[PDB]
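A.B. asks: Just so you know, the protein sequences line up as chains C and A, in that order. Remember, PDB author numbering sits 1701 above the position in the first sequence when you count from 1. Remember, PDB author numbering sits 30 above the position in the second sequence when you count from 1. Ideal Cβ placement from N, Cα and C applies to all residues, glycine included.
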Amino acid sequence: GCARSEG
Amino acid sequence: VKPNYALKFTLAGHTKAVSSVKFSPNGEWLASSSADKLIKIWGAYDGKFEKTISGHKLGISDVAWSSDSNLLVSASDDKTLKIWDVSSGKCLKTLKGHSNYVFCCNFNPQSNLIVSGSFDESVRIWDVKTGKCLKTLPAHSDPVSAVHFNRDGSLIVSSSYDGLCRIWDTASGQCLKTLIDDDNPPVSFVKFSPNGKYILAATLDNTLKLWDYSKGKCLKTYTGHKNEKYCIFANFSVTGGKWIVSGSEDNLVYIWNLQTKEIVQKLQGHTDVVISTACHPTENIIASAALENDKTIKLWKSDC
C-alpha cells in the first residue's frame, strides 16, 4: 500500500 | 540502570500496514500514518482513538508534527505531501513537485519550512505558508529514505539507498558533508540528536550508528536487532535513562543504553515487523507500530 511498508 | 517498559495499550483501526507514529510536541497526541491512505490521531496517554484525517490518493509512508502541535505533514505514494490542520482536519496545502513517491518528511523547528525526500532521488524544501517549493536538491542517486532538520534548522540531513548520509545547508542548498563508513549498505534512516551534535543513522546491515557530525566520524554502533529490508525509524529517548530505541524485523522493539551500547530491554507483542517507534516528549512512553500482518500500534510505559 505504501513504499515504506513494501520495503 | 535499565528501563521497565510494559504494554499499556494496543491501538487498532488502520486497515493496512502502519508506516509511522509520532508524538505531538505538546505530549497530548499520537499521529499514525498507514498504507491504508489514512492518518489517525490517538490520545497519547490513554491510547483512545480521536479522529481520522483523509485525502491522500495512495498509501502514506510518513507523517510529522509542526513545533506547536497544530499541523501535520504527510508523505505519500501519490507523489504529494499534504499539510493538515489537526484541529479542523482540513488539508491546508497539497505539495506537488516530486516525480516519484514521497517517502519521508519533517518540519523545521520554526515550522515555516518542510523538508521532503522521495523515490525521485531528490530532497525538496517547501514553504509551509504558501505551499511553494523553494529548493530542489539533487541529493542522491537512489531513493531518499529520511530527511531531518537540526536544532536551529540551518542544516538538513538526508539518507539514501545509495549508501550515503548527506548534510545540506538549508539556505544555500549546498552539500556540506557526505558520511559513509567502511561498507556501503543502503542507509534506511537518519536524524540529528536533541543537542544537534550527533547524527543517528540506520543501515540495512542490522546496524545503528551514532555519528559526530562535526568530526565526521562514527562514535558508537548499536547492534543486536534485525534490519535488512525496511526503513525502520530510530529514536533518542531522553525522558528517563538516555536510550536508543528502534523497531526490528524480528517483530520486537529494541532499547539500548546510548552511552554503553548495551541492549537494556526488548519489547515483545507485535506479530510483524516493527516499522516505527516514537518517544513521548515528557513521559517515559514509547509508541510502536507494525506492518501488514499486525496492523496495530502499541503504547508502552516505564518507571525508568
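Taking only three categories from DSSP, how would you classify A/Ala201?
C.D. replies: coil
A.B. asks: Give the residues of chain C in contact with A/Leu321, contact being defined as C-beta atoms less than 7 Å apart.
C.D. replies: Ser1706
A.B. asks: Based on DSSP bridge pairs, tell me the residues matched to A/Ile71.
C.D. replies: A/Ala61, A/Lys81
A.B. asks: Just to confirm my understanding: we take A/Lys32, look at its own chain, exclude 5 residues before and 5 after, and list those with CB closer than 7 Å. What are they?
C.D. replies: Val294, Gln295
A.B. asks: For A/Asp107 and chain C, any beta-carbon pair shorter than 7 Å?
C.D. replies: yes
A.B. asks: Of all the options A/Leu282, A/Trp95, A/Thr166, which has the alpha carbon lying nearest to the alpha carbon of A/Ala201?
C.D. replies: A/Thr166
A.B. asks: Taking a contact to mean a Cβ-Cβ separation below 7 Å, would you say A/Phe53 touches A/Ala319 in this structure?
C.D. replies: no
A.B. asks: I want to verify the contact list: residues of chain C whose CB lies under 7 Å from the CB of A/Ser49, in sequence order.
C.D. replies: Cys1703, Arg1705, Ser1706
A.B. asks: Select from the segment 276 to 287 of chain A all residues with a C-beta closer than 7 Å to any C-beta belonging to chain C, and list them in chain order.
C.D. replies: none
A.B. asks: How would you call A/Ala317, buried or exposed, if buried means at least 16 neighbouring beta carbons within 10 angstroms?
C.D. replies: buried
A.B. asks: Which residues in the same chain have their Cβ closer than 7 Å to the Cβ of A/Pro168, if we skip the five residues on either side of it in sequence?
C.D. replies: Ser152
A.B. asks: What do you get for A/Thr110, buried or exposed, if any count of 16 or more other CB atoms within 10 angstroms of its CB means buried?
C.D. replies: buried
A.B. asks: Helix, strand or coil, according to DSSP, for C/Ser1706 in the structure here?
C.D. replies: helix
A.B. asks: Using C-beta distances below 6 Å, list every residue in its chain close to A/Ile274, excluding the 5 sequence neighbours before and after it, in chain order.
C.D. replies: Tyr252, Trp286, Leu288
A.B. asks: Along the chain, where does the beta strand (DSSP E) that runs through residue 9 of chain A open and close?
C.D. replies: In the structure displayed, chain A extends from 31 to 334; residue 9 of chain A sits before or after that span and is not available.
A.B. asks: Have a look at A/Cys163 and A/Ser146 and give me their C-alpha separation to the nearest angstrom.
C.D. replies: 10 Å
A.B. asks: Give me the Cα-Cα distance between A/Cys195 and A/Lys207, rounded to the nearest whole angstrom.
C.D. replies: 8 Å
A.B. asks: Using beta carbons (cut-off 7 Å, strictly below), is A/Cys261 in contact with chain C?
C.D. replies: yes
A.B. asks: Quick one: list the residues of chain C neighbouring A/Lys46, beta-carbon separation under 9 Å, in chain order.
C.D. replies: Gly1702, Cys1703, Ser1706
A.B. asks: Which of the three DSSP states is assigned to A/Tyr131 in this structure?
C.D. replies: coil
A.B. asks: Tell me which same chain residues have a C-beta within less than 6 Å of the C-beta of A/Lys325, skipping the five on either side of it?
C.D. replies: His44
A.B. asks: Could you check whether A/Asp302 and A/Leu282 sit closer than 7 Å to each other, using their CB atoms as the reference points?
C.D. replies: Result no, Cβ atoms of A/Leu282 and A/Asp302 do not sit closer than 7 Å.
A.B. asks: Can you name the residues of chain C whose CB is closer than 7 Å to the CB of A/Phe149?
C.D. replies: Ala1704
A.B. asks: Residue range of the beta strand (DSSP E) that A/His170 falls in?
C.D. replies: Per DSSP, A/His170 belongs to no beta strand (DSSP E) and is neither H nor E.
A.B. asks: Hey, A/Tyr243 and A/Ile229: beta-carbon distance below 7 Å or not?
C.D. replies: For A/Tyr243 and A/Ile229, yes; Cβs fall inside 7 Å.
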